[PDB]
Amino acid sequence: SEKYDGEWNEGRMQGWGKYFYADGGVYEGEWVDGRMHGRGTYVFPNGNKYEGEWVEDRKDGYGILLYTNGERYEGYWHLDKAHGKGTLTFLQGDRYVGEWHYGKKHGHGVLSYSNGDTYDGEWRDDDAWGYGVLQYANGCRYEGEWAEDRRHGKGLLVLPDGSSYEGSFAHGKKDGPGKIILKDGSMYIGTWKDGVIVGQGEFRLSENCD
């Protein structure tokens, strides 16, 4: 009573009710055995707002959280964190659609950046990890391996003009053995370090004129 305006059952909050927390936060929604449980709205004193499902005072099931910072999560929650399928939109216009593991981008997901870049592929612990495709705004496309949100392992870099690089990347740059095919179809097989050709390599003219 006073701090809780709602229904009771066996001396515990149960049914619909409003609760005013000491820090200025307000819940209005379903209660089970004295906890937020079922559908309910939580307006936080920091400006955040949740509308969705609750289990034992935690966000659990379907819910929408509008963040102060302009971010908006719409999808599934487990133990008070993003879990399963969910969409995160940012104020700038960036959008993530895909899999979540206790509050982190994890599994397969598509992140459409407002800058025009799109990443379609694998995530671990909020970073690009595994195989994924980045379609850059300028026409460049990387299809290959990622580690700690950077291109790392074997990958294909197709340029707008038709040029490609097939080979190794390390810490985001061409690094190790690789091959470039040029506009005219001729190919160079050689070695990169920190994104630049080092030493010498094999050059083979295309069979389309010589």
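Each residue number is its position in the shown sequence, starting from 1.
Remark: stretch with higher mean C-alpha B factor among 47-55 and 178-186 is 178-186. Comparing the deposited coordinates for 89-97 and 70-78, the stretch with the larger average C-alpha B-factor is 89-97. By the numbers in the PDB entry, the CA B factor is greatest at 33 among 28, 149, 33, 143. Ranked within its chain, residue 139 lands in the highest third, by CA B factor from the PDB record. In the PDB entry, a CA B factor belonging to the middle third of its chain's modelled residues is recorded for residue 154.
In the PDB entry, a CA B factor belonging to the highest third of its chain's modelled residues is recorded for residue 173. Remark: residue 103 belongs to the middle third of its chain, ranked by C-alpha B-factor as recorded. In this PDB entry, the Cα temperature factor of residue 131 sits in the middle third of its chain's modelled residues.
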